[PDB]
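Asker: Chains as they are written, first to last, in PDB author numbering: chain N, 2 to 118; chain K, 3 to 115; chain P, 8 to 134; chain Z, 3 to 59. Okay, here's the structure, questions in a sec.
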Amino acid sequence: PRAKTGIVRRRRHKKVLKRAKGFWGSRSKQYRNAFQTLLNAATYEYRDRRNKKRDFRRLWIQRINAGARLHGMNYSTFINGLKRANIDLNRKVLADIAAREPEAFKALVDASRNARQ
Amino acid sequence: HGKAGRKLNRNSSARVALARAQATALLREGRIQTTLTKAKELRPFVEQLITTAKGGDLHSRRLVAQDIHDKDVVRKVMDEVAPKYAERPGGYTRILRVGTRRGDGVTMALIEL
Amino acid sequence: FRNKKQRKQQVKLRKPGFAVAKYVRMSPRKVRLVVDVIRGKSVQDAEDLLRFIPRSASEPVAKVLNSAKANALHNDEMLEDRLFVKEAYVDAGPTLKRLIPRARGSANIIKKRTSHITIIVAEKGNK
Amino acid sequence: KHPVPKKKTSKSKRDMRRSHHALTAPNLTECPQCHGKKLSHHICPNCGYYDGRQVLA
RNA sequence: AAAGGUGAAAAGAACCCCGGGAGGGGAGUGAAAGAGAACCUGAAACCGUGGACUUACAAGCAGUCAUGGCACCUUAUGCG
RNA sequence: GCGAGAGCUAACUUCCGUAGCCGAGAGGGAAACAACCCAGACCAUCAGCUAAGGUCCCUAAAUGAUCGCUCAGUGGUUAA
RNA sequence: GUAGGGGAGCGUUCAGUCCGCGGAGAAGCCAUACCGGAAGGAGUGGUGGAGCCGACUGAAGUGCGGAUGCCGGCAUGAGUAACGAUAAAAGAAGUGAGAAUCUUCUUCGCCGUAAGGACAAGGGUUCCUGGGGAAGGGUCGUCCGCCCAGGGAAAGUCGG
Ligand SMILES: [Mg+2]
Ligand SMILES: [Mg+2]
Ligand SMILES: [Mg+2]
Ligand SMILES: [Mg+2]
Ligand SMILES: [Mg+2]
Ligand SMILES: [Mg+2]
Ligand SMILES: [Mg+2]
Ligand SMILES: [Mg+2]
Ligand SMILES: [Mg+2]
Ligand SMILES: [Mg+2]
Ligand SMILES: [Mg+2]
Ligand SMILES: [Mg+2]
Ligand SMILES: [Mg+2]
Ligand SMILES: [Mg+2]
Ligand SMILES: [Mg+2]
Ligand SMILES: [Mg+2]
Ligand SMILES: [Mg+2]
Ligand SMILES: [Mg+2]
Ligand SMILES: [Mg+2]
Ligand SMILES: [Mg+2]
Ligand SMILES: [Mg+2]
Ligand SMILES: [Mg+2]
Ligand SMILES: [Mg+2]
Ligand SMILES: [Mg+2]
Ligand SMILES: [Mg+2]
Ligand SMILES: [Mg+2]
Ligand SMILES: [Mg+2]
Ligand SMILES: [Mg+2]
Ligand SMILES: [Mg+2]
Ligand SMILES: [Mg+2]
Ligand SMILES: [Mg+2]
Ligand SMILES: [Mg+2]
Ligand SMILES: [Mg+2]
Ligand SMILES: [Mg+2]
Ligand SMILES: [Mg+2]
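What follows is the structure, given as structure tokens:
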């Protein structure tokens, strides 16, 4: 017996192509360039899962430093200050305190510069 | 660049045989239909030729006869029309824009006395 | 309605103010150049502009315009003094193909394309 | 010799190029007599009027 | 060399509308003309019309991640 | 890199010995950069500590401390 | 983790058997935010108009992006080059649904040991009449060496 392709190739193809909507020009309409674009997309996805974990830490840190310095303290000195007084806060959380709740962040500042004295 | 006249994608002899044929024709029948341009280019050659024929002497006939090679038309422009234009300081003709043709897209036009 | 077949019996589709010239031996992009002037415009206007547009295509398109008019008036009892070109477009017919010789032995293929002109008339009140 | 294009031109490009092929619709006036339409400084092709009446019928 | 397919049955569309015609819109037949003779399905490339959000200080393998704006609500008011 | 020959104690040179890496190695650093420095990625996380390398702004992190040096932009490429 | 070795599977036709669907609508096609560790798999809806899914087992012409691969369709270059001798055209008139291109008239221009006339070779109805206009004509055609029909070719002495 013989077994043509029948139906499989087009299903594969549409699969790729349908992953690829919103891609510019032929990248979203031609199979091969879709499939290709997608390989590179692979790289970018995996990488950036790790990397976004890298990025958000960064952000938190920025905000923290800011709040720190509003009340006359560097960030680094603020964080040894916190570790000294064994306050054990996430910097995600430290950021959110710093940004959202003024007086509270203030209190943590005073506690930390005390731990520094 | 103050030069004057139209090349009309033709050689000097052609250019001449043109203005002569179309002069002969306009004078043979009071009004003709032709490219708007060829009209523009015809008006002052014919108007002048009229002013020549407006002399009436034999010189002015022989003159006209060089440009207009058909006896009957010469005789017409000498004896019939020039004498009519008698009192008009030139402007012996006028031009009308009919408009676009089918084959080649060209604004035709009408020229008459 | 319960069945597709049921609908296919009960309704019958209508093409209200619509005519189509199929297989016009012209090129779409050309014909479009003309059509884009006609479109949105109030049928009378279209009738005129088509008489003073100096493309060839202008003529087949004139003809479809009139066919859609005579379909909105007759087969649809619509109101002339309220008709406008609701939509119009050109798509590609089966394109004629012919060999043409070239220099040395080479040959080539001219595509005498073809065209489907479509106009759709429709009444316009503002309210 | 024999230049040739390096790369297919995108549908997008090609069409950006075409941004100027818009035909210009006639400015059209309505004949002061027989009433259809005409071009400025041309003879009204319906009647034949240009003030009195020049082209024929 | 390429070449295949109306419909169960030709009942193959009388007649009316625009057009020289081509083509089409009706009507009538048919279960269906979402089968009309360029007639089974009719994918993709490719060409267009319309609508959503968008773009005229911009350096780009066109993705990917994060967030904000708008829009939308049939495995859909959230993980969207 | 270290050990030699060949070579001009030239070569991103050639031919051997030896360790490591690339090859078949992603991740951080060295602006960029197979090889160098840190380091071997089973997957998920908007969690914590570190390595080399860094903490004026682009750019995460002391415009840190104390005792000096250089004033030449040396810093930010060579010699008698 | 490259060559390579090993392991467990996904999907495709055909085949046997079991289950079983299908005009209150099959396969195929189309959309989709659901499912599975992946090949993949279902739900619903639109299409279509007569066949087909699931399970176990068997056999393969069994899975594609590459091969300046093969066949086919359609893009780009692009409304670009070009429209095939620089011998040349103008008006009127007619026709016609439509004419710069067809017909008539008047001229103009170009060949004239030729671009005129008559044979041969070759071609094969291309000749004449009447009609036609899809394509062929490098535009357009109402015209044609194109399409349809009907006519036309006569030898004791020319050639065999
Ligand atoms: Mg980390
Ligand atoms: Mg020219
Ligand atoms: Mg018909
Ligand atoms: Mg019925
Ligand atoms: Mg749009
Ligand atoms: Mg600026
Ligand atoms: Mg802007
Ligand atoms: Mg070497
Ligand atoms: Mg590496
Ligand atoms: Mg690296
Ligand atoms: Mg870097
Ligand atoms: Mg290197
Ligand atoms: Mg350190
Ligand atoms: Mg900083
Ligand atoms: Mg492995
Ligand atoms: Mg079976
Ligand atoms: Mg089957
Ligand atoms: Mg291929
Ligand atoms: Mg090639
Ligand atoms: Mg090919
Ligand atoms: Mg152009
Ligand atoms: Mg060009
Ligand atoms: Mg050019
Ligand atoms: Mg040119
Ligand atoms: Mg020619
Ligand atoms: Mg010429
Ligand atoms: Mg008539
Ligand atoms: Mg000619
Ligand atoms: Mg006559
Ligand atoms: Mg001869
Ligand atoms: Mg014979
Ligand atoms: Mg033609
Ligand atoms: Mg006729
Ligand atoms: Mg003949
Ligand atoms: Mg005899």
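Positions of the beta carbon are idealized from the N, C-alpha and C atoms, including for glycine.
#1: Closest Cβ-Cβ distance between residue 41 of chain Z and chain K: below 8 angstroms?
#2: Between residue 108 of chain P and chain K, is the shortest Cβ-Cβ distance under 8 angstroms, so that the two count as touching?
#3: Alpha carbon to alpha carbon, how far is residue 78 of chain P from residue 89 of chain P? Give it in angstroms, no decimals.
#4: What's the call for residue 38 of chain N, buried or exposed, on a 16-neighbour Cβ count within 10 Å?
#5: To which residues of the same chain is residue 1 of chain P closer than 6 angstroms at the C-beta, ignoring the five residues directly before and after it?
#6: Between the stretch 5-22 of chain Z and chain P, which residues of the former have a C-beta closer than 9 angstroms to a C-beta of the latter?
#7: Report yes if the CB atom of residue 35 of chain P is closer than 8 angstroms to the CB atom of residue 99 of chain P, and no otherwise.
#8: Could you name the residues of the same chain whose beta carbon sits closer than 6 angstroms to that of residue 45 of chain K, not counting the 5 residues immediately before and after it, in chain order?
#9: Within the same chain, show all residues whose beta-carbon is closer than 6 angstroms to that of residue 56 of chain P, passing over the 5 residues directly before and after it, in chain order.
#10: Just checking: is the beta-carbon of residue 91 of chain P within a distance shorter than 8 angstroms of some beta-carbon in chain Z?
#11: Could you tell me the boundaries of the beta strand (DSSP E) in which residue 75 of chain N lies?
#12: Ignoring anything shorter than 3 residues, give me the beta strand (DSSP E) runs that lie fully in the stretch 19-81 of chain K, in order along the chain.
#13: Which of helix, strand or coil does DSSP assign to residue 15 of chain K?
#14: Taking only the alpha-carbon atoms, compute the straight-line gap between residue 79 of chain K and residue 26 of chain K and give it to the nearest angstrom.
#15: Rounded to whole angstroms, what's the CA-CA distance from residue 61 of chain P to residue 39 of chain K? Just pull it up for me.
#16: With a cut-off of 8 angstroms, do at least 3 Cβ pairs link the stretch 79-89 of chain N to the stretch 27-45 of chain N?
#17: So, for residue 67 of chain N: in the same chain, excluding its five sequence neighbours on each side, which residues have a beta-carbon less than 8 angstroms away from its beta-carbon?
#18: Would you mind telling me which residues of chain K sit closer than 8 angstroms to residue 67 of chain P, beta carbon to beta carbon, in chain order?
#19: How would you call residue 15 of chain Z, buried or exposed, if buried means at least 16 neighbouring beta carbons within 10 angstroms?
#20: Can you tell me whether residue 40 of chain Z is helix, strand or coil according to DSSP?
#21: Kindly indicate which three-state DSSP category residue 45 of chain N falls into: helix, strand or coil?
#22: Using the Cβ count rule (16 or more neighbours within 10 Å means buried), how would you classify residue 49 of chain P?
#23: Determine the DSSP secondary structure at residue 97 of chain N, reduced to helix, strand or coil.
#24: Please list the partners that residue 27 of chain Z has in chain P, where partner means a Cβ-to-Cβ separation under 8 angstroms.
#25: Strictly below 7 angstroms CB to CB, what residues from chain Z border residue 38 of chain P?
#26: By a C-beta neighbour count over all protein chains shown, 10 Å radius and 16 as the cutoff for buried, is residue 9 of chain Z buried or exposed?
#27: Which residues in the same chain have their Cβ closer than 7 angstroms to the Cβ of residue 27 of chain N, if we skip the five residues on either side of it in sequence?
Answerer: This is what the structure holds:
#1: In the fourth sequence, counting from the first residue as 1, residue 41 of chain Z sits at position 39. True, the Cβ-Cβ gap to chain K drops below 8 angstroms.
#2: In the third sequence, the residue the question calls residue 108 of chain P occupies position 101. No, residue 108 of chain P does not count as interfacial toward chain K.
#3: Locating residue 89 of chain P in the third sequence gives position 82, counting from the first residue. Locating residue 78 of chain P in the third sequence gives position 71, counting from the first residue. Residue 89 of chain P and residue 78 of chain P: Cα-Cα distance of roughly 14 angstroms.
#4: The residue given as residue 38 of chain N occupies position 37 in the first sequence. Classification for residue 38 of chain N: buried.
#5: Outside the displayed span of chain P (8 to 134) sits residue 1 of chain P, for which this structure offers no information.
#6: 20
#7: Start at 1 with the first residue of the third sequence, and residue 35 of chain P comes out as number 28. Start at 1 with the first residue of the third sequence, and residue 99 of chain P comes out as number 92. Cβ atoms of residue 35 of chain P and residue 99 of chain P: closer than 8 angstroms.
#8: On the second sequence, position 43 is the one that residue 45 of chain K refers to. Excluding positions up to five away in sequence, the list reads 95.
#9: Your numbering for residue 56 of chain P matches position 49 in the third sequence. Closer than 6 angstroms at Cβ, skipping near neighbours: 44.
#10: Here the question's residue 91 of chain P lines up with position 84 in the third sequence. It does not: the Cβ of residue 91 of chain P has no partner Cβ on chain Z nearer than 8 angstroms.
#11: Taking the first sequence and counting its residues from 1, the one referred to as residue 75 of chain N is at position 74. Looking at the DSSP string, residue 75 of chain N is not in any beta strand (DSSP E), and its letter there is neither H nor E.
#12: 33-37
#13: As a working mapping, residue 15 of chain K is identified with position 13 in the second sequence. Note: residue 15 of chain K maps to helix in three-state DSSP.
#14: Position 77 of the second sequence, counted from the first residue, corresponds to residue 79 of chain K. Position 24 of the second sequence, counted from the first residue, corresponds to residue 26 of chain K. Going from the Cα of residue 79 of chain K to the Cα of residue 26 of chain K covers about 10 angstroms.
#15: Sequence index remark: in the third sequence, residue 61 of chain P carries index 54 (1-based). Sequence index remark: in the second sequence, residue 39 of chain K carries index 37 (1-based). Between residue 61 of chain P and residue 39 of chain K, the C-alpha separation is close to 18 angstroms.
#16: no
#17: Taking the first residue of the first sequence as position 1, residue 67 of chain N is located at position 66. Excluding positions up to five away in sequence, the list reads 99.
#18: Numbered from its first residue, the third sequence carries residue 67 of chain P at position 60. Residues of chain K passing the Cβ test: none, with the nearest at roughly 14 angstroms.
#19: In the fourth sequence, the residue the question calls residue 15 of chain Z occupies position 13. By the neighbour-count rule (16 or more Cβ atoms within 10 Å), residue 15 of chain Z is not buried but exposed.
#20: To locate residue 40 of chain Z, count along the fourth sequence from 1; it is residue 38. Note: residue 40 of chain Z maps to strand in three-state DSSP.
#21: For this step, residue 45 of chain N is matched to residue 44 along the first sequence. It is helical.
#22: Indexing the third sequence from 1 puts residue 49 of chain P at position 42. Classification for residue 49 of chain P: exposed.
#23: Mapped onto the first sequence, residue 97 of chain N falls at position 96. Three-state DSSP puts residue 97 of chain N in a helix.
#24: The residue you call residue 27 of chain Z lines up with position 25 of the fourth sequence. Simply 44, 56 and 60.
#25: For the purposes of this step, residue 38 of chain P is identified with residue 31 of the third sequence, where counting begins at 1. Near residue 38 of chain P there are no residues of chain Z at all, since even the closest Cβ is about 12 angstroms away, more than 7 angstroms.
#26: One-based indexing of the fourth sequence puts residue 9 of chain Z at position 7. With fewer than 16 other Cβ atoms within 10 Å, it is exposed.
#27: As a working mapping, residue 27 of chain N is identified with position 26 in the first sequence. Cβ contact annotation for residue 27 of chain N (same chain, cutoff 7 angstroms, sequence separation greater than five): 34, in chain order.
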